[PDB]
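> I am attaching a structure below and will ask some questions about it afterwards.
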């Protein structure tokens, strides 16, 4: 076939019922994740090719960066709750991996402040039980699917993208192959 199991994707032994249609996992500490967001714009190019009616979910993971890694999963929960994902993603990535100015929960908070989220609004979100269940959701979805590495994408809890098996000689070609694969898995 042109799309083969074990080649552009793998299949989960243990399929996850009730899973989001397209489920991406990342960490702000994750170097290929920085590339996927900043240089490749994977998430966005996948959207542009996905069928009608399909929702995209993106979650942060705890297993990188220890205490800060966990802080970042909670901050990402704040981001989802307030709908400000598109305003903090870039400065969080650069603050962790480029400038290395993120070292504490207080520094993560600064990024939201500078992006124009109000202090009171951030701290109230941060401490809210809506955010705690959102953190719970991120952890459960990761737990449901075996996850020990990022970036990772899962389609309907059955198929996992396998970027190792796509040519990286061209960045644009890589992205299209990636997105077309998601769409193929989507229609499966």
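Residue numbers (the working numbering): 393 to 580.
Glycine included, each C-beta is placed from N, C-alpha and C at the ideal position.
(1) Need the endpoints of the alpha helix (DSSP H) that residue 553 sits in, please.
(2) Just verifying my parser: in three-state terms, what is the DSSP assignment at residue 560?
(3) Kindly indicate which residue of 496, 561, 486, 411 has the alpha-carbon position closest to the one of residue 466.
(4) Would you give the residue range spanned by the alpha helix (DSSP H) that residue 421 belongs to?
(5) Shortest alpha-carbon distance to residue 542 belongs to which of 549, 398, 555, 548?
(6) Going by alpha carbons, who is nearest to residue 480 out of 490, 432, 468?
(7) Tell me the rounded alpha-carbon separation between residue 583 and residue 418.
(8) Taking the straight line between their C-alpha atoms, what separation do you get for residue 573 and residue 512?
(9) So what does DSSP say about residue 546, is it helix, strand or coil?
(10) Any idea what DSSP makes of residue 573, helix, strand or coil?
(11) Taking just the CA atoms, how far does residue 450 sit from residue 549?
(12) How about residue 485 and residue 546: are their beta carbons less than 7 Å apart?
(13) Using DSSP with H/G/I as helix, E/B as strand and the rest coil, what is residue 396?
Concretely, from the data shown:
(1) DSSP places residue 553 outside any alpha helix (DSSP H); the residue lies instead in the beta strand (DSSP E), whose first and last residues are 551-553.
(2) Note: residue 560 maps to coil in three-state DSSP.
(3) When only C-alpha atoms are compared, the closest one is 496.
(4) Residue 421 -> no alpha helix (DSSP H), and no H or E assigned at all.
(5) Looking at the Cα atoms, 555 is the closest of the given residues.
(6) 468 is the residue among 490, 432, 468 whose C-alpha sits nearest the C-alpha of residue 480.
(7) Only positions 393 to 580 of the chain appear in this structure, which leaves residue 583 out of reach.
(8) So the two alpha carbons sit approximately 43 Å from each other.
(9) The answer is strand: DSSP assigns residue 546 an E or B state.
(10) If DSSP states are grouped into helix, strand and coil, residue 573 belongs with the helices.
(11) Counting only the Cα atoms, residue 450 lies some 14 Å from residue 549.
(12) In this structure, residue 546 does not lie closer than 7 Å to residue 485 by Cβ.
(13) Coil, per DSSP.
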